[PDB]
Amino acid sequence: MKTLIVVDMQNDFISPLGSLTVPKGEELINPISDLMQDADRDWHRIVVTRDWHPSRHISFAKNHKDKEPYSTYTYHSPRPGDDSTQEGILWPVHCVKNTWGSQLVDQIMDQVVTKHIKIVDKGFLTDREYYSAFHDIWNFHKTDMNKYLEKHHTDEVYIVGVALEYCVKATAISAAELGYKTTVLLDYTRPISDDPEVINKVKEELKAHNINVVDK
């Protein structure tokens, strides 16, 4: 069956008042809300995801001496004895747990609360980045996502939300790797990068992982 995953539709990403606004992100609120309620889409289940960071999170530039937001940083595997590394971006503080910024945007939250929609939080471990809604960048900690999808007989995963080139892409790739027929509905996503070229690049990467990219 089909599960819709709505990725990180949170204030810090969507509102201009947010600390890490996705350009044109406000355009997604109503259409995604409509998508969630559209019976023609045959959603057996909907899952919404949230970045759920502590203020001391390793991904915030603020928590690093002599490093400013949007700078590059070398992350180190948290497993002891493992010494591999990954290139990453240090960010402005965003989606801190229990703050306005980490709240699902009103219109989505309203749906989640009244329809009792499953929430998956990621990014709460201080020591690592966590783009994918399925597991951290090391594939060390997993969320309950996969188990939830399995319980609910999911064979098709549809992904919408923000940011196209980060949490959306990472979640889509996880879903495909785990054997779900995965689709990204492009029109229901936005990149953080105000660069039109970024859309094409992601499109190609997704297709290379056998993920369907359609507009609507």
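Note that residue numbering begins at 1 and tracks the sequence as displayed.
Averaged over C-alpha atoms, is the B-factor higher for 34-42 or for 49-57 in this PDB entry?
-> Higher of the two, by average CA B-factor, is 34-42.
Higher mean Cα B-factor in the deposited model: 58-66 or 145-153?
-> That would be 58-66.
Whose CA atom has the top B-factor in the entry, of 123, 101, 92, 80?
-> Among 123, 101, 92, 80, the highest C-alpha B-factor in the entry belongs to 80.
Using the B-factors in the PDB entry, rank residue 140's C-alpha atom against the chain and give the third, lowest, middle or highest.
-> Answer is middle: the recorded C-alpha B-factor places it there.
Third of the chain's Cα B-factor distribution that residue 1 belongs to, per the entry | For residue 1, whose C-alpha B-factor we compare with every modelled residue in the chain, the answer is the middle third.
Using the B-factors in the PDB entry, rank residue 116's C-alpha atom against the chain and give the third, lowest, middle or highest.
-> According to the entry, residue 116 has a C-alpha B-factor in the chain's middle third.
Third of the chain, ranked by Cα B-factor, where residue 17 sits = Residue 17: CA B-factor falls in the middle third of its chain.
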